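Before any comments, here is the structure.
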Amino acid sequence: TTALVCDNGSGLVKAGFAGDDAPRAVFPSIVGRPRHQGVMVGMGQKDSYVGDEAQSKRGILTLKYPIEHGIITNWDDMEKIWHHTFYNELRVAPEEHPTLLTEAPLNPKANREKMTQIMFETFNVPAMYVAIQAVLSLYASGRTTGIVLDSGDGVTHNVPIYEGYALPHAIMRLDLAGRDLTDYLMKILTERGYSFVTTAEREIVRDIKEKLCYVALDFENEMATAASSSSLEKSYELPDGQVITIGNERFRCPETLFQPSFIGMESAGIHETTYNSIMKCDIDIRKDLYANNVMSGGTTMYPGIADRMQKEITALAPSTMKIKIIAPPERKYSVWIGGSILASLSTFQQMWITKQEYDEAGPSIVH
Amino acid sequence: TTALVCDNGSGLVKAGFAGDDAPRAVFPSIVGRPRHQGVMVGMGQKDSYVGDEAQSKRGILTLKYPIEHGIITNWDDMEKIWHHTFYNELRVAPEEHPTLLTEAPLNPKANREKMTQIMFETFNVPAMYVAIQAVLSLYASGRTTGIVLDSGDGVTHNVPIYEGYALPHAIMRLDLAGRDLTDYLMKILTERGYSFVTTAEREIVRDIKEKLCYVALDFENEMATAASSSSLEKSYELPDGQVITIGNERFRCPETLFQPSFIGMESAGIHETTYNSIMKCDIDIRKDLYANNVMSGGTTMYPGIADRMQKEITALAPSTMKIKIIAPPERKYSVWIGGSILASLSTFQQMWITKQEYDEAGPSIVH
Amino acid sequence: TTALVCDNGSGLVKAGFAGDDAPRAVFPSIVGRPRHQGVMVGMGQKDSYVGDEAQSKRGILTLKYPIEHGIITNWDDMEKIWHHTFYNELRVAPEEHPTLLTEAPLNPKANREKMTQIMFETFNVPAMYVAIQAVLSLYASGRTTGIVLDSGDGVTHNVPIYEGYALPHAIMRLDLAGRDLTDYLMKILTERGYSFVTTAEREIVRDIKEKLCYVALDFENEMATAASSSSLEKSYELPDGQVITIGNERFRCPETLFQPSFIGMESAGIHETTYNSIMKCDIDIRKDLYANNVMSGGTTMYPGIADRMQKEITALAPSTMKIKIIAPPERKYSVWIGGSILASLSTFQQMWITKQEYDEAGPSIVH
Amino acid sequence: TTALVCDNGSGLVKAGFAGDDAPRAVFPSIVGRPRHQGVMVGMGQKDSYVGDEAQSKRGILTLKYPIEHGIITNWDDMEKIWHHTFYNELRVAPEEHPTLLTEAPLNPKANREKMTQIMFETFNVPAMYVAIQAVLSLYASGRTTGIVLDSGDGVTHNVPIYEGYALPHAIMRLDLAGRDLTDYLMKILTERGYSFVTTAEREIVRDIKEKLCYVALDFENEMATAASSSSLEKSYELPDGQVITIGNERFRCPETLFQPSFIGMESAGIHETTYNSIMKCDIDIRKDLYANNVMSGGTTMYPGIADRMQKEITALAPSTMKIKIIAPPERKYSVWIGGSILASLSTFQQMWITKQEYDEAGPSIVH
Amino acid sequence: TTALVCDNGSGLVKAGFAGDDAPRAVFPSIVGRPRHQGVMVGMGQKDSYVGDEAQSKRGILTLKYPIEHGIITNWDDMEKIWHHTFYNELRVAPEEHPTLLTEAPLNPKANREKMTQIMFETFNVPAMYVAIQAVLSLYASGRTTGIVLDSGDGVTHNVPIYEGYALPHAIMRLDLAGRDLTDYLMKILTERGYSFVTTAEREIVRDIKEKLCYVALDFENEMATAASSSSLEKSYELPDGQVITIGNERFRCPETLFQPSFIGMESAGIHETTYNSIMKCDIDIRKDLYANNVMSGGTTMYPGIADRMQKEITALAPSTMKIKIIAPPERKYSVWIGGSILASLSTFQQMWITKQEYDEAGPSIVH
Ligand SMILES: Nc1ncnc2c1ncn2[C@@H]1O[C@H](COP(=O)(O)OP(=O)(O)O)[C@@H](O)[C@H]1O
Ligand SMILES: Nc1ncnc2c1ncn2[C@@H]1O[C@H](COP(=O)(O)OP(=O)(O)O)[C@@H](O)[C@H]1O
Ligand SMILES: Nc1ncnc2c1ncn2[C@@H]1O[C@H](COP(=O)(O)OP(=O)(O)O)[C@@H](O)[C@H]1O
Ligand SMILES: Nc1ncnc2c1ncn2[C@@H]1O[C@H](COP(=O)(O)OP(=O)(O)O)[C@@H](O)[C@H]1O
Ligand SMILES: Nc1ncnc2c1ncn2[C@@H]1O[C@H](COP(=O)(O)OP(=O)(O)O)[C@@H](O)[C@H]1O
Ligand SMILES: [Mg+2]
Ligand SMILES: [Mg+2]
Ligand SMILES: [Mg+2]
Ligand SMILES: [Mg+2]
Ligand SMILES: [Mg+2]
């Protein structure tokens with residue numbers, strides 16, 4: 001009889017019932033067909049592996065992300081993610097609940113429809129409601145105010161919300177992190193001879209992004225001392241035998257997040273987009289948009305931020321302003337801890353769209 | 001009514017019904033015509049002895065192998081092998097079954113056609129299927145993963161297979177063992193006065209290859225102490241009166257398998273071809289390609305391997321990697337214990353080519 | 001007193017003074033040691049033959065390419081290439097000039113250093129400058145705009161340049177042609193029994209790639225009709241007696257350039273990488289990136305391109321766009337006809353690095 | 001209507017129909033003219049007596065052997081042998097049968113022709129076939145394998161035959177026994193004063209060779225004790241009055257068969273020629289060429305052999321080899337018991353040469 | 001003070017100082033003991049005649065070749081060859097020089113040791129070096145390339161050498177000419193009644209091999225017309241009275257060199273061993289291994305070859321290949337004209353083994 005909060009990101013999909021902790025189930029959200037012909041009977045071999053097995057059996061597959069920079073590529077793969085998940089994982093009936101879905105803040109509609117509809121006719125969840133992914137990130141620390149800087153693979157957003165309404169027109173969306181960070185790392189690792197060309201192997205790059213990373217505080221001056229013999233290099237070992245020693249670029253790569261000329265895209269860094277998004281609000285409210293940046297996603301896990309972000313803003317921000325940049329631990333699940341709280345809470349159950357109200361208007365009314 | 005798994009190697013041809021133990025019949029696979037004129041009435045004397053009698057009455061024949069380094073030389077002898085076998089040995093009708101054949105992995109087509117076709121019109125087995133000889137060697141201990149090193153007279157192969165699909169391009173085929181090992185032993189036995197010129201007599205060389213052999217662990221250092229008077233020589237006795245004492249070279253000859261400069265061939269040793277075939281796969285998978293080399297054939301019967309193979313690879317292989325080099329006893333019939341399991345197993349019976357489907361395409365479609 | 005533009009490719013190394021025609025000297029760039037022991041006094045025999053003689057006396061050597069897939073393997077052989085070239089060929093002093101070198105566009109540094117440095121202290125060329133190999137290929141027909149597709153053994157590149165700046169991030173580098181094309185041809189020639197195992201012998205394969213080749217226009221439909229008896233096969237004659245007749249596969253092998261599944265590599269074909277590199281530029285500029293593909297290298301010598309490339313792009317490219325694929329004759333020397341023009345031209349002479357400026361920084365400043 | 005197997009030796013010519021026992025007629029094969037003038041009316045006396053009467057009336061003749069050491073001397077006497085035999089003995093018509101003759105294995109051709117032809121035109125036997133004297137000696141006890149040592153006056157042979165073809169080149173023919181043994185005995189009997197100068201009288205010597213003979217086992221040690229007074233001498237009585245007592249040399253003379261220095265011929269003894277013929281065969285076959293020496297002729301009648309031959313061989317033969325020296329009783333007719341079996345047996349009747357096939361080629365085709 | 005190049009063949013041993021023409025001394029290389037008892041005081045009679053007197057006084061000896069089919073039988077006779085030669089012929093001191101010896105290419109070691117050592121301790125030549133008999137045959141006409149077919153009694157070899165290193169493994173050694181040709185001629189001369197049993201007399205056979213011999217061009221067809229009465233027979237006269245008339249077989253006997261079935265040996269003729277050795281090299285080099293067969297020895301003195309050899313090869317060789325078969329006059333001393341050039345030439349003097357360097361290693365190091 002439960003209700004299910006299921007967030008589709010380009011993750012790391014998260015699923016777990018209406019509370020109370022963290023997603024019961026998390027997996028990399030990939031389908032990969034076998035790029036070769038199989039010959040050991042059964043037929044045994046699957047037509048396509050979904051996660052998590054499609055992350056355990058790389059190299060013999062071609063990973064294809066069903067979603068990509070917010071808008072998904074095709075629901076043929078997406079629906080299979082879904083069907084696989086509801087039926088053979090959580091062991092939850094389709095008529096169990098009214099569900100709660102998330103999207104990007106400005107994703108081209110109808111990218112919400114085709115989802116809502118296919119999921120509606122196939123899985124027959126008797127209702128529906130979609131809350132934007134940024135808004136939910138506030139329900140983590142349970143604040144009512146603040147500018148939310150939510151960056152996960154592969155779409156970031158900067159949505160300012162006051163108590164308790166939210167300014168719609170003051171939001172700037174950058175197509176930056178994180179596949180561009182993975183790809184940039186893969187492009188600058190070539191500087192030391194390591195070739196990471198194939199689709200499957202790209203995943204390994206992401207892991208060297210995981211452990212071996214830190215954002216400097218004063219890049220321009222730090223680069224000089226990086227050349228000094230003292231190793232700012234840590235050597236990671238790769239799933240086979242190989243031992244790879246990356247340094248210098250280790251702190252260079254994430255820095256791309258600010259100063260994103262390195263990628264060849266003109267929109268200025270998160271540095272500047274935060275401020276320029278804030279002074280797109282009303283002059284009076286700004287006092288409390290500052291000192292309340294609450295970060296989220298899986299791309300605020302770097303040991304660089306937030307005091308990088310801090311010294312960076314304080315140079316651009318007006319003077320005489322106190323700026324706490326409170327960002328929790330556990331942030332990777334922040335959004336989810338949001339959603340859980342919501343559908344269990346009174347009373348927005350009655351701003352849902354049930355079945356009777358999908359026979360009248362249908363594809364519209366969703367917004 | 002049974003089905004028959006029959007493998008043609010440069011053996012030692014093996015035949016036995018769809019399971020369950022080992023070939024019912026094994027013989028050296030030779031035809032040899034009598035190099036002399038016969039005068040003992042009847043006419044009595046046969047035009048040519050096939051095995052096994054052609055291995056019991058050597059010296060009065062000129063042994064001619066119907067196949068040689070993978071591709072067969074002529075089907076005139078080959079078909080006669082076949083007809084003789086089916087009709088006067090196994091006592092099996094031609095319409096008894098649909099059959100199962102093996103080939104080399106990269107044998108020049110149409111070396112499979114002329115066989116399939118001649119056997120199709122002559123012996124009329126109402127169906128057909130040819131599985132590659134390396135793949136079958138996994139079905140012995142019933143593993144699903146691994147790089148298979150299958151080396152028999154006279155073509156070796158190195159096929160890496162993951163679970164369960166098989167990488168086609170990571171296979172390197174060396175025309176090495178085993179006639180070159182026989183011929184080389186015959187070339188290095190000459191230094192001690194033993195002349196082994198005649199075709200028939202060469203078989204005897206092969207037998208001294210059998211019993212009197214062992215691969216060292218550290219050749220270069222072992223050779224010094226080999227010169228010491230202490231006999232690492234065992235004296236074998238030859239079918240006539242002669243007593244032959246070979247030492248030193250007894251372990252030198254097989255060593256040719258690595259470091260095949262001794263032959264005057266540039267392709268590097270099995271040592272290097274194993275690794276060089278392995279890192280021709282995808283970087284992530286190698287962890288399990290290692291520690292599962294399953295050897296097969298009749299040339300992995302030396303009491304040297306695998307800790308020779310082991311110590312050698314570990315020097316070329318990356319560090320910190322565990323390498324089991326599991327190779328069964330009973331390996332001589334490994335391939336066959338594979339085949340039996342296959343055609344008896346559901347359900348790939350419907351991946352066959354029967355008679356009705358050889359009326360359409362014919363010489364093609366076999367692959 | 002002249003200045004020398006010397007480009008190291010995996011060629012076919014090219015050398016000739018600052019203009020005005022084509023390299024004075026071209027040779028296959030190989031060192032090969034004699035795999036055997038020599039016994040006719042002098043000592044006569046060299047420790048290792050460099051080109052061109054190392055291409056006249058194959059079979060008694062083991063050819064070892066000093067560079068391989070962009071990054072060179074070792075400067076021990078490379079330096080000998082150099083020393084041999086400067087001293088005993090062109091008859092040019094080391095202090096004669098400031099020089100001009102090329103590299104790959106994204107070659108792992110320091111693959112440019114060790115060269116620059118060893119060449120700097122050994123040969124003492126009082127200056128230096130290295131222009132990327134793609135950029136020079138535009139100076140042939142003397143265009144200022146276009147996407148350059150430069151594919152030679154053994155690294156291709158796709159660099160888009162506008163007037164007159166060049167987009168750095170829109171370049172995709174495929175490790176495809178040409179040793180993979182040679183090796184693939186050698187791998188599919190085995191299908192008809194021809195064994196091409198030895199290192200030296202591989203060269204002959206390359207020559208059958210030369211004359212006997214052509215890329216089809218509609219492969220999928222062409223393969224059927226290829227089976228028809230009408231010979232699309234031309235019979236080539238081999239340096240010894242043997243006459244080898246390759247057909248069908250004659251056009252199949254080069255086709256690998258597109259669809260590189262045949263090799264077992266996932267990175268999509270040149271077809272798709274050209275386009276995917278182009279629409280990684282800015283949306284407005286694309287109008288002139290199209291209709292100006294200028295091809296180069298020695299692997300765009302097939303009589304297939306460019307209208308194979310054309311029909312292929314027009315299927316992937318947006319509609320209503322005219323796509324010229326201008327690629328000169330003489331392309332094999334295109335790069336060089338570029339370089340010569342450059343160092344003779346004002347004024348980038350003062351963007352050089354002379355000796356006085358290598359006592360300060362050294363290993364840095366080169367980029 | 002029967003067929004006749006007739007063997008010409010330097011005997012003791014043997015004749016008897018196609019089976020089934022032994023020759024119907026045996027006689028010493030000599031013609032002898034009367035060396036004196038005859039004067040007792042008739043004129044009565046024959047121009048020349050053939051055997052057997054020419055062996056009843058010695059002393060009044062000059063015995064002249066029609067054949068001598070394989071090659072016959074002249075067919076003028078030989079034909080007279082034949083005509084006399086066929087017409088006035090067996091009482092058989094000339095057109096009765098197709099005939100079967102033997103020769104030496106290596107008798108100088110055409111020593112077979114002049115026979116075949118003369119008998120063909122004179123006696124008109126409508127067909128012909130000539131089988132070699134050695135091969136037939138196997139047909140006695142009906143074995144299929146073995147080295148045959150056939151020594152009769154006056155040409156021995158050593159032919160190795162395997163089952164069932166026969167090695168032609170491994171045969172060594174010594175012009176030794178038996179007229180050389182007779183002549184030697186006559187040469188050493190002078191040692192005790194007995195004069196045997198005349199040709200006729202020589203026959204008597206042969207008889208003292210018959211009864212009074214034995215081959216020692218250890219000559220050298222036996223010779224010492226032979227000198228002891230103990231009579232190893234048996235006293236034979238000669239057709240006239242005289243009583244001759246020979247000892248010592250009685251066993252010395254036959255020993256000449258081995259150690260034939262005594263004659264002044266260097267070619268080593270039958271002892272060594274057996275072995276030296278055997279190891280002129282193939283290395284594999286020797287195992288069964290040994291242990292199957294089947295003797296024949298009339299010079300293997302000595303009570304010394306075969307265990308003399310044995311102790312001699314085992315010292316020369318390789319060790320650990322079992323050597324049967326099987327020699328029947330009745331051996332004197334061995335060859336003939338062969339022929340009977342042959343021409344009576346199907347089916348080699350059609351390997352004959354009849355007359356219709358002798359008008360075409362004639363003197364040729366016989367081989 | 002000169003140095004001596006001395007070649008031991010089964011000849012015809014040749015000796016003459018370091019250049020410049022031909023051996024000062026040549027003789028048939030035989031020792032022969034007197035098979036009889038001598039009674040003419042002095043003691044007068046020698047214990048054993050070495051050549052040449054042992055070739056002047058046949059018939060009173062038992063000729064025993066000190067070497068036989070490459071490996072020598074015993075150094076007791078060989079040493080006497082040596083001592084006799086150095087001391088009572090060339091009038092040369094033992095310490096005069098460092099010496100140069102030849103061997104077969106694949107003679108069973110240690111067949112070089114026992115020589116090197118005995119000669120070293122007895123004759124005390126302060127150094128040593130042994131070059132293989134085949135290689136020297138190139139130094140005659142002074143070529144650098146080619147496959148050498150060096151056939152003398154009683155071991156032929158086929159050693160292919162490129163410029164300038166030498167392929168070791170492409171050599172096939174046939175135990176053929178010449179004692180097998182002498183013996184074969186003696187075996188087929190019996191066909192016309194001539195008996196040649198004794199060893200001494202065999203020398204005469206060899207002489208009839210000398211003058212009265214010639215190899216046909218198209219044998220099988222030549223035999224038909226050979227039967228025609230027109231004498232292709234030349235009549236030789238024998239040292240006693242006897243006149244011997246040989247025909248037919250006169251050209252048949254040498255023909256045995258190809259098609260050695262006549263002997264009963266399975267290894268195919270020199271015909272095939274030349275080609276089969278050539279295509280045992282690398283594919284590229286063959287172009288110049290052809291058209292450069294330089295023959296040597298004493299068995300290429302037949303007036304048949306080389307256009308026999310030519311027509312034979314061209315039928316087996318691949319088409320469109322030019323095949324010169326250059327073989328000098330004067331060839332009998334070719335090898336020696338080689339040796340002279342060598343030890344006189346710089347600089348391989350320092351690849352010798354002297355006195356000081358034989359106290360350390362001894363029996364080894366010779367190779
Ligand atoms: N510890 C970490 N350090 C750095 N980056 C991380 C870490 N954990 C996850 N990431 C990155 O965060 C991304 C996942 O973010 P996620 O919150 O799943 O975004 P979404 O919810 O939009 O899918 C991954 O692409 C990964 O590269
Ligand atoms: N105990 C042994 N030691 C070494 N080699 C052996 C042994 N037993 C057999 N062989 C060799 O193995 C070969 C048989 O291999 P096999 O597995 O039959 O190859 P295939 O199946 O391809 O014919 C024989 O030629 C023989 O020389
Ligand atoms: N006529 C031709 N057809 C096809 N390929 C060719 C032809 N001529 C040369 N090639 C190939 O082009 C390559 C030479 O390219 P090159 O311009 O030297 O590249 P790089 O300069 O990077 O070494 C050689 O590897 C050769 O295989
Ligand atoms: N008991 C015997 N002992 C020794 N020699 C004998 C004996 N009987 C016969 N011979 C010899 O054997 C010869 C006859 O043997 P035979 O088989 O006829 O020889 P061939 O077949 O060559 O004519 C006679 O010359 C005779 O001297
Ligand atoms: N003119 C000739 N014709 C045929 N054969 C010959 C001729 N001269 C010599 N021979 C044979 O060739 C042999 C000489 O070969 P040789 O070159 O001396 O070999 P090696 O030098 O190895 O002893 C002799 O034994 C002889 O029988
Ligand atoms: Mg998100
Ligand atoms: Mg096999
Ligand atoms: Mg290039
Ligand atoms: Mg006889
Ligand atoms: Mg010789």
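If you're wondering about the labels, chains in the structure tokens are A, B, ... by order shown, residues count from 1 in each chain, ligands from 1 in order shown.
Selecting chain B residues within 6 Å of chain E and counting only C-alpha atoms yields residues 190, 191, 192 and 193 of chain B.
Residues in contact with residue 98 of chain B at 7 Å, where only C-alpha atoms are counted and same-chain residues fewer than 2 positions away are skipped, are listed as residues 3, 125, 126, 127 and 128 of chain B.
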How would the residues just chosen look if you wrote them out with C-alpha atoms as a PDB file, in the first residue's frame?
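So the final result, stored in out_31.pdb, reads:
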```
ATOM      1  CA  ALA B   3      24.661 -39.044 -32.859  1.00  0.00           C
ATOM      2  CA  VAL B 125      24.454 -37.627 -42.755  1.00  0.00           C
ATOM      3  CA  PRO B 126      21.123 -35.729 -42.944  1.00  0.00           C
ATOM      4  CA  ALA B 127      22.550 -32.703 -41.087  1.00  0.00           C
ATOM      5  CA  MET B 128      25.794 -31.012 -39.997  1.00  0.00           C
TER       6      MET B 128
END
```
| remark: Using only C-alpha atoms, the residue out of C:232, C:61, C:189, C:22 with shortest distance to residue 284 of chain E is C:61
| task | Report as a count of residues only which protein, DNA and RNA residues come within 8 Å of ligand 3, using only C-alpha atoms and all ligand atoms. | result | 35
Within 8 Å of residue 290 of chain D using only C-alpha atoms, minus same-chain residues under 4 positions, as a PDB file with C-alpha atoms, in the first residue's frame:
```pdb
ATOM      1  CA  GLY D 146      61.733 -63.581 -42.639  1.00  0.00           C
ATOM      2  CA  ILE D 147      65.277 -63.431 -43.929  1.00  0.00           C
ATOM      3  CA  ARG D 286      64.554 -55.798 -37.805  1.00  0.00           C
ATOM      4  CA  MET D 321      66.836 -59.605 -28.901  1.00  0.00           C
ATOM      5  CA  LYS D 322      65.321 -63.062 -29.253  1.00  0.00           C
ATOM      6  CA  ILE D 323      66.671 -64.915 -32.251  1.00  0.00           C
ATOM      7  CA  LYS D 324      64.978 -68.104 -33.455  1.00  0.00           C
TER       8      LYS D 324
END
```
Compile the contact shell of residue 46 of chain A as a PDB file with N, CA and C atoms, in the first residue's frame: residues with an atom at most 12 Å away, counting only C-alpha atoms, same-chain residues fewer than 4 positions apart removed.
```pdb
ATOM      1  N   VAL A  31      22.117   0.390 -19.922  1.00  0.00           N
ATOM      2  CA  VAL A  31      21.899  -0.808 -20.721  1.00  0.00           C
ATOM      3  C   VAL A  31      23.049  -0.971 -21.698  1.00  0.00           C
ATOM      4  N   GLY A  32      23.489  -2.207 -21.873  1.00  0.00           N
ATOM      5  CA  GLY A  32      24.594  -2.480 -22.762  1.00  0.00           C
ATOM      6  C   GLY A  32      24.388  -3.790 -23.480  1.00  0.00           C
ATOM      7  N   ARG A  33      24.334  -3.716 -24.800  1.00  0.00           N
ATOM      8  CA  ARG A  33      24.221  -4.914 -25.604  1.00  0.00           C
ATOM      9  C   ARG A  33      25.618  -5.457 -25.850  1.00  0.00           C
ATOM     10  N   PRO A  34      25.721  -6.770 -26.076  1.00  0.00           N
ATOM     11  CA  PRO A  34      27.007  -7.430 -26.308  1.00  0.00           C
ATOM     12  C   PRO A  34      27.503  -7.215 -27.730  1.00  0.00           C
ATOM     13  N   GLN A  37      29.176 -11.856 -30.840  1.00  0.00           N
ATOM     14  CA  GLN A  37      28.296 -13.013 -30.922  1.00  0.00           C
ATOM     15  C   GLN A  37      28.644 -14.062 -29.868  1.00  0.00           C
ATOM     16  N   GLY A  38      27.623 -14.571 -29.186  1.00  0.00           N
ATOM     17  CA  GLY A  38      27.832 -15.517 -28.105  1.00  0.00           C
ATOM     18  C   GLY A  38      27.523 -16.938 -28.519  1.00  0.00           C
ATOM     19  N   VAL A  41      25.358 -21.588 -25.607  1.00  0.00           N
ATOM     20  CA  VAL A  41      24.053 -22.233 -25.376  1.00  0.00           C
ATOM     21  C   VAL A  41      23.221 -21.584 -24.248  1.00  0.00           C
ATOM     22  N   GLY A  42      21.935 -21.927 -24.179  1.00  0.00           N
ATOM     23  CA  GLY A  42      21.085 -21.529 -23.068  1.00  0.00           C
ATOM     24  C   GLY A  42      19.728 -20.898 -23.377  1.00  0.00           C
ATOM     25  N   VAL A  50      20.837  -4.801 -18.089  1.00  0.00           N
ATOM     26  CA  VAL A  50      20.596  -3.536 -17.406  1.00  0.00           C
ATOM     27  C   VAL A  50      21.574  -3.511 -16.238  1.00  0.00           C
ATOM     28  N   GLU A  53      24.368  -5.540 -13.307  1.00  0.00           N
ATOM     29  CA  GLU A  53      25.218  -6.490 -14.026  1.00  0.00           C
ATOM     30  C   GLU A  53      25.907  -5.871 -15.249  1.00  0.00           C
ATOM     31  N   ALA A  54      25.295  -4.840 -15.823  1.00  0.00           N
ATOM     32  CA  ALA A  54      25.876  -4.158 -16.971  1.00  0.00           C
ATOM     33  C   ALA A  54      27.013  -3.249 -16.528  1.00  0.00           C
ATOM     34  N   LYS A  57      29.914  -6.470 -15.900  1.00  0.00           N
ATOM     35  CA  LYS A  57      30.368  -7.199 -17.076  1.00  0.00           C
ATOM     36  C   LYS A  57      30.663  -6.257 -18.243  1.00  0.00           C
ATOM     37  N   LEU A  61      30.432  -5.374 -23.629  1.00  0.00           N
ATOM     38  CA  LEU A  61      29.186  -4.672 -23.904  1.00  0.00           C
ATOM     39  C   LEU A  61      29.460  -3.304 -24.512  1.00  0.00           C
TER      40      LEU A  61
ATOM     41  N   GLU B 163      32.478 -14.654 -20.526  1.00  0.00           N
ATOM     42  CA  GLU B 163      31.172 -15.226 -20.240  1.00  0.00           C
ATOM     43  C   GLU B 163      30.036 -14.383 -20.837  1.00  0.00           C
ATOM     44  N   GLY B 164      29.371 -14.894 -21.876  1.00  0.00           N
ATOM     45  CA  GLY B 164      29.719 -16.155 -22.512  1.00  0.00           C
ATOM     46  C   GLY B 164      30.141 -15.966 -23.962  1.00  0.00           C
ATOM     47  N   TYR B 165      30.072 -14.725 -24.433  1.00  0.00           N
ATOM     48  CA  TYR B 165      30.476 -14.371 -25.795  1.00  0.00           C
ATOM     49  C   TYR B 165      31.984 -14.566 -25.984  1.00  0.00           C
TER      50      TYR B 165
END
```
| field | Backbone DSSP call of strand (DSSP E or B) for segment 48-243 of chain C, listed as a count of residues only | value | 34
| request: Identify all residues of segment 59-245 of chain B in alpha helix (DSSP H) (DSSP on the backbone) and supply them as a ChimeraX atom specification. | output: /B:75-88,113-122,133-136,179-189,202-210,219-226
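As for atom 21 (O, counted along the ligand's line) of ligand 4 and atom CA of residue 133 of chain D, they are spaced 7.9 Å apart.
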| message | Need to verify the contact set: residue 337 of chain C, 12 Å, only C-alpha atoms, exclusion of same-chain residues closer than 5 positions in sequence. Can you return it as a ChimeraX atom specification? | response | /C:5-7,14-24,133,136-142,296,328,330-332,342-344
| request: Work out how far apart atom 10 (N, counted along the ligand's line) of ligand 2 and atom CA of residue 313 of chain B are and give it in Å to one decimal. | output: 23.4 Å
| Selection: 12 Å around residue 81 of chain D, only C-alpha atoms, excl. self and same-chain fewer than 2 positions, as an NGL selection string | :D and (8 or 13-14 or 27-32 or 48-52 or 54 or 64-67 or 74-79 or 83-89 or 119)
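Closest approach to residue 115 of chain E from the set E:243, E:101, E:351, E:171 is made by E:101, with distances taken over only C-alpha atoms.
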So that I can check the surroundings of residue 214 of chain D, please list as a short mmCIF file (atom, residue, chain, number, x, y, z; two decimals) with N, CA, C and O atoms, in the first residue's frame every protein, DNA and RNA residue that reaches within 6 Å of it, counting only C-alpha atoms and ignoring chain neighbours fewer than 3 positions away.
```cif
data_model
loop_
_atom_site.label_atom_id
_atom_site.label_comp_id
_atom_site.auth_asym_id
_atom_site.auth_seq_id
_atom_site.Cartn_x
_atom_site.Cartn_y
_atom_site.Cartn_z
N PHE D 251 86.24 -81.21 -39.24
CA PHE D 251 85.40 -80.11 -38.76
C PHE D 251 85.98 -78.75 -39.15
O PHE D 251 85.27 -77.74 -39.09
N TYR D 302 74.75 -79.51 -42.34
CA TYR D 302 75.76 -79.73 -41.31
C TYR D 302 75.13 -79.81 -39.93
O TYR D 302 74.21 -79.05 -39.61
N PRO D 303 75.62 -80.74 -39.09
CA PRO D 303 75.11 -80.88 -37.72
C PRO D 303 75.63 -79.80 -36.76
O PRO D 303 75.40 -79.88 -35.55
N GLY D 304 76.34 -78.81 -37.31
CA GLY D 304 76.84 -77.70 -36.51
C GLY D 304 75.79 -76.62 -36.35
O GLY D 304 75.28 -76.39 -35.25
#
```
